[PDB]
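K.L.:
Let me give you the structure first, and then I'll get to my questions.
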Amino acid sequence: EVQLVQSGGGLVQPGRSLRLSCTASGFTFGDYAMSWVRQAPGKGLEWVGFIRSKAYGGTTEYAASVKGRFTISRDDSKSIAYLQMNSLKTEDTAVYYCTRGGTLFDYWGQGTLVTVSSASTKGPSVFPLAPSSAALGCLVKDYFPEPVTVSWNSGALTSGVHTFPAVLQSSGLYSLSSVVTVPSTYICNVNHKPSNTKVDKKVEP
Amino acid sequence: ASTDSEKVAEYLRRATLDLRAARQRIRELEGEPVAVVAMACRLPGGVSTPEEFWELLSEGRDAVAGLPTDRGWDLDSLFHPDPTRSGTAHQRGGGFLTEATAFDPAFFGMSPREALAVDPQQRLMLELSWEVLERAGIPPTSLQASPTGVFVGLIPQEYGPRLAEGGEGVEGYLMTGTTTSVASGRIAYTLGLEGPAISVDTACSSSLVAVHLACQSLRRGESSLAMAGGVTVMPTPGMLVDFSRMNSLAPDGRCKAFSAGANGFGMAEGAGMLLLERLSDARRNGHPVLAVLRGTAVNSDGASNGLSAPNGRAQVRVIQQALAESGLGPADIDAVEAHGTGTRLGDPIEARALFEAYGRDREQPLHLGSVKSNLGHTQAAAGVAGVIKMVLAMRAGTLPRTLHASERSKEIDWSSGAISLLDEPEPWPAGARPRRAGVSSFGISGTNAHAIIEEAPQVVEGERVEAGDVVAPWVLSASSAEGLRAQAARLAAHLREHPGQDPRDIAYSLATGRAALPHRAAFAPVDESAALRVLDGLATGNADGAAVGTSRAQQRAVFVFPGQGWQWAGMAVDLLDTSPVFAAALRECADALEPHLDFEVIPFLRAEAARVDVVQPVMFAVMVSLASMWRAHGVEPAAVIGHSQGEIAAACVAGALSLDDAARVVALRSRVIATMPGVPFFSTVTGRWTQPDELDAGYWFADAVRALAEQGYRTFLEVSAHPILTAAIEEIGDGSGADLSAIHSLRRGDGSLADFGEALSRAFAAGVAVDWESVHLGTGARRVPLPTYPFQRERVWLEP
Amino acid sequence: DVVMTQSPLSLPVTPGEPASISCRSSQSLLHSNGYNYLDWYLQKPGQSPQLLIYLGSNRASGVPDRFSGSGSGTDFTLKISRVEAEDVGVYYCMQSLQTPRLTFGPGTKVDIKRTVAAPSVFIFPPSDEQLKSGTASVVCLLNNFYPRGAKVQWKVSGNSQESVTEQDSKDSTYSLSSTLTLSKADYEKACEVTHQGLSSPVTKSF
Amino acid sequence: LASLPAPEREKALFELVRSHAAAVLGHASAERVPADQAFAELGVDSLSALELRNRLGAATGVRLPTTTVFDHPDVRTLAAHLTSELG
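Protein chains in written order, with our numbering: chain A, 1345 to 1549; chain B, 391 to 1190; chain C, 139 to 344; chain D, 6 to 92.
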């Protein structure tokens, strides 16, 4: 068992606070000094900070960068660990994991999302591209929120689908691309749930 | 930081956790107790169920009458009063089954010829397995392609003519009919299992040995369910007349165990079967638990003064080994099921061995008994019979009586008094000390077996009480008309015997449980008196007030969306509020439709119980809600031929447009149609199988149903408050191909849920698969014992 | 200071025959008490990390066997006797002599061994499509260039966005795309692609 | 015997098969054979089916292959196919 089940997250503008809660259960929380680790999208795992046990003093340590804006709470009554935010920046967008040990990283939690940015719910723009001269495809232009799906003629075609993970530009608006290949007409469709501007577009030289 | 203080503590904690887990795994692998789920038995006399066995044991009655006159025996030259003439038996009596000559080959996939070729032993074993599976509560058709072990204990003997001479119509089936391996192979083939199937022949101690093997494969993990049993039957008097040559058979044929007048051991026949599962797995899934097996031991007697000469040291060693494996002491056993064969020499040796193995460290006297007094020696069928007797006595809290024990023997010493012979019933109540018992079995080959049985944990207590107003359907099925009639009569009889049963419990037990069979009957009574009335009506033959109908190899249903024609609906606020599926799906579609069409869900779905601009969207909404609740209730759809608005309904169901989007498009259709007045899907306006994507803005009876029937779908279900064009379809039912049946959903203003109960009963009446757990889910209904399947037997004999 | 632990980078594997990953160090990790302060961690694709071996050579409970750690205080090694298809991801060495551990390091990568194959290129011009107003975008794309690892440069460079798929599953070949953007000053006149499987660099313009 | 009369001969054909199977299966009364149910439930196998073909041929004269039992699972389909074979 020994589940953790983290909670909290969401989206916050730069210069704001938040609360992250780790809910220890299924084991004695008395002396199991925990830690918080951060994983950025596209890079490795980098340690954030650990909180000691009350038996040895209950002190805490932080590793630069986030030293002056990050605080840890150790509510023993409900066996809860708290991470407090302060004046977040855009570069802090990462998945936060709540561990169990201080030196031996035992059973891990499940992670949150927490992204910091400043943009409005802007829809897509549709971007079919030029034919191979067979590599027809449809890149999607700027769109703020994450969930956007693409297909070809409402999913009738399955082979050759090569949708790619989105990236981030200077404006903070993402781009999604997908291509297919078949020798010789097809209509790309997109969905943007936060924008609800589903449209269709076909490309033919 | 953390210098020598925290770094090593974490490693110490992790190492301690790993060590604890490893030792727990060792303990589980070595000594995991197993649990008995259900038992089945067939004993001499009128005994056919364990309840009758316990009643006979409590009332203290024997079941020895005489000899059978059906199996073509000479019966006459079998005893010339001179013992030593050839062909002269010695037993003028015994205990024999009166049902072995009969069989029901129609229920199984068995031809009359090869059925005539089948040995009575596997013939009884098949019925025993089916009965125990039904008694456990597991649908026998659910056990398919699953690891389940079968272990049988038999003795080969002989049934019919020799293979060399052959027969006239039954020739090729002679070999398979008489073979020990087929006794379990046939069970595995019929039930479609995949675990090991094993037949063991180890003389009178065969059956016990079988369960020992069943207690190992479960522990190791190669199987998750075991069926272990034994059987013995005699189609020829050869055994008696050959054993009489050793002068070891008492004339009359009784077992006077531990009595001053022992003369022999007699013979009998019987069958027994047990179902075993790991305790943790059984308790995880809620399967019933009757008793727990902990330790078993099997040993050989070694070299003695002849094959038939018993040994005492081997018995002592096997008893001590079983105790050690169970991890208990000699003082934790309150009673023993000794062999008690009743012979002159075996009894003193067994008594001395049991004494020296048990009574040296004993404060309380040990009770001893033998079931062979009541029934006689059943050969391989014994062993499991003792286990059944012990578990029944332990559950009922009473120790039965042993007959012919008023005159204790004179060749044994009872000066110590540590062993008290069971001559009168003894109370066996619950208490702080758990109850335990031991069972022994010895064979003429020279193999001894011992087992220990303990009571089930007392954790079942803690049940709460909940009430409700929803009525639940009752269903019952069988493979023939007379079978259905007899099943209904038996159910009515049993409900008459035992009052106070809630309808929910009987409904749940007759739910998941009994399998699905061709002949089906279903109804839904308010109380039990009317239930008995309709049950006796079914028992007489004329089915009124219920639903019936044969359905062979039918498993599919068809949803059809009729257009206008269910007008005035009969507003059902009860559907919206009582059913949560409506209160979720219909609520979602309604608030989807709210922003577009100004009409709210409050005004006329408030209803004044006492115009295409408004109706069509709301008919679409209630239609999709009804379809959602139907599909959630276990019945899936097929190709839909919905007409007019039914086209949009089928588009929503088959995945053409989303619920909110379909609602918006139907609102647009209504707003453009309110001016002129004043998943495989089957197309309707064209009549072809089409994908659910082509339906677009541009898209906005006979040949269709002929083609749908010719495909293989033979039932039609419309979701409407009043069935429309049913006769038009019904007239076609006899017009071409197989017959067609249409099931209504609601009635004229009958918006009560009981109407849906009738609809479900009609659905099950004609070959529709219904997920009964979904329609029951949370009611607090618990399992309740019910009578097993009643058969239709016929005489199947083949004289030599 | 630190020992600057390192591992032999990526290592493709195949089901069946075993595999191993070494782990070096600069300062000996053998503590005076007689134990090695090393451990191994595994991160699955799109899942939380996991612990496999601690204190030199010790298998944690719940590990599906097949993993064995060994080595002295400088030349540790982790070996898998049988290679399945689900034990693919990222593997990290970890030490414990220094308490303020900042990062887990790069970590080695594993994937399915596959015969070397050559990619294909399809340069796409910035047509008069939804680009329309002042902006520019050009993608020349790649497909099936196992093993991963390539470069894209533009001439006649400095800004581009790349994206790579995840093994394509059954075929086990990567596919990559690159994008270059500009505002108005285009049409003053080509991506080149280099892969070790293929030959002297090729390219295509317009 | 093969006078080939009006389709009522099929009824007569429908009467012969239900007899021919019965003597193969061992049923005393030829009427105790379900029509809709296939031969698989009845217990037919590699033996009983084999001569079932041969004794069917001599009465009829037409030739049918070994796979017939898998071609027509039940008596109705087999009778319809046999009727459609000749005439």
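For every residue, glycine included, the Cβ atom is placed at its ideal position computed from N, Cα and C.
Do residue 1460 of chain A and residue 1437 of chain A have their beta-carbon atoms positioned less than 7 Å apart in this structure?
P.N.:
yes
K.L.:
Using a Cβ cut-off of 7 Å, pull out every chain B residue sitting near residue 41 of chain D, in sequence order please.
P.N.:
Those within 7 Å of residue 41 of chain D in chain B are 942.
K.L.:
For the candidate residues B:723, B:725 and B:651, whose alpha-carbon lies nearest to that of residue 732 of chain B?
P.N.:
B:651
K.L.:
Looking at residue 728 of chain B and residue 763 of chain B, is the spacing between their C-beta atoms short of 7 Å?
P.N.:
no
K.L.:
What is the DSSP secondary structure of residue 1493 of chain A, reduced to helix, strand or coil?
P.N.:
Reduced to three states, the DSSP call for residue 1493 of chain A is strand.
K.L.:
Assign residue 1444 of chain A to buried or exposed, taking buried as 16 or more other Cβ atoms, counted over all protein chains shown, within 10 Å of its Cβ.
P.N.:
That one is buried.
K.L.:
Need the endpoints of the beta strand (DSSP E) that residue 188 of chain C sits in, please.
P.N.:
187–192
K.L.:
Give the range of the beta strand (DSSP E) segment to which residue 397 of chain B is assigned.
P.N.:
Counting along the chain, residue 397 of chain B falls outside any beta strand (DSSP E), though it belongs to the alpha helix (DSSP H) covering 397–421.
K.L.:
Return the bridge partner residues of residue 233 of chain C from the DSSP annotation.
P.N.:
C:176
K.L.:
Look up residue 1143 of chain B in the DSSP assignment and say whether it is helix, strand or coil.
P.N.:
Residue 1143 of chain B falls in the helix class under three-state DSSP.
K.L.:
Taking the beta carbon of residue 11 of chain D as the centre, do at least 16 other beta carbons fall within 10 Å, making it buried, or is it exposed?
P.N.:
exposed
K.L.:
Does the stretch 1175–1190 of chain B come within contact of the stretch 539–546 of chain B, defined as at least 3 CB pairs closer than 8 Å?
P.N.:
no
K.L.:
Beta-carbon separation of residue 510 of chain B and residue 623 of chain B under 7 Å?
P.N.:
yes
K.L.:
Quick one: what's got a C-beta closer than 7 Å to residue 902 of chain B's C-beta in the same chain, skipping five residues either side?
P.N.:
529, 1162 and 1163
K.L.:
Rounding to the nearest angstrom, what Cα-Cα distance links residue 1474 of chain A and residue 1531 of chain A in this structure?
P.N.:
14 Å
K.L.:
Write down the C-beta distance between residue 1030 of chain B and residue 1072 of chain B rounded to the nearest angstrom, noting that I regard them as a contact closer than 8 Å.
P.N.:
Indeed they touch by this definition, with Cβ atoms about 7 Å apart.
K.L.:
Taking 7 Å as the CB-CB cut-off, is residue 307 of chain C touching chain B?
P.N.:
no
K.L.:
Tell me, which residues are paired with residue 1545 of chain A by DSSP?
P.N.:
A:1532
K.L.:
List the DSSP bridge partners of residue 429 of chain B.
P.N.:
B:664
K.L.:
Using a cut-off of 8 Å between C-beta atoms, extract the partners of residue 1447 of chain A located in chain B.
P.N.:
Result: 392, 396, 397 and 400.
K.L.:
For the pair the stretch 1483–1492 of chain A and the stretch 433–443 of chain B, tell me if three or more CB-CB distances fall below 8 Å.
P.N.:
No: fewer than three Cβ pairs fall under 8 Å.
K.L.:
For residue 1400 of chain A, which residues in chain B fall below 9 Å Cβ to Cβ?
P.N.:
392, 395 and 396
K.L.:
From residue 180 of chain C to residue 250 of chain C, what distance separates their C-alpha atoms?
P.N.:
17 Å
K.L.:
Is the distance from the Cβ of residue 425 of chain B to the Cβ of residue 597 of chain B below 7 Å?
P.N.:
no
K.L.:
So with CB distances below 8 Å, who are the chain A contacts of residue 1078 of chain B?
P.N.:
Here the premise fails: no neighbours, minimum Cβ distance about 17 Å.
K.L.:
Does DSSP classify residue 196 of chain C as helix, strand or coil?
P.N.:
coil
K.L.:
List, from N- to C-terminal side, the alpha helix (DSSP H) runs of 4 residues or more that fit wholly inside the stretch 621–688 of chain B.
P.N.:
628–633 and 669–674
K.L.:
If distances are taken between C-alpha atoms only, which option among B:917, B:1038, B:881 and B:450 comes closest to residue 860 of chain B?
P.N.:
B:917
K.L.:
How about residue 649 of chain B and residue 479 of chain B: are their beta carbons less than 7 Å apart?
P.N.:
Between residue 649 of chain B and residue 479 of chain B, the gap from beta carbon to beta carbon reaches 7 Å or more.
K.L.:
Against chain D, which members of the stretch 495–513 of chain B pass a CB distance test of less than 7 Å?
P.N.:
499, 500, 501, 502, 503 and 504
K.L.:
Pull up the distance between the alpha-carbon of residue 1109 of chain B and that of residue 672 of chain B, whole angstroms please.
P.N.:
41 Å
K.L.:
Is the beta carbon of residue 716 of chain B sitting closer than 7 Å to the one on residue 842 of chain B?
P.N.:
yes
K.L.:
Check this for me: beta carbons of residue 27 of chain D and residue 17 of chain D, under 7 Å apart or not?
P.N.:
In this structure, residue 27 of chain D keeps its C-beta atom at 7 Å or more from the C-beta atom of residue 17 of chain D.
K.L.:
Are residue 273 of chain C and residue 299 of chain C close, meaning C-beta to C-beta below 7 Å?
P.N.:
no
K.L.:
Name, please, each residue of chain C whose Cβ falls closer than 8 Å to the Cβ of residue 1390 of chain A.
P.N.:
240, 241 and 242
K.L.:
At a CB-CB cut-off below 8 Å, which residues of chain A make contact with residue 195 of chain C?
P.N.:
By Cβ distance, chain A contributes nothing, its closest Cβ being about 15 Å from residue 195 of chain C, past 8 Å.
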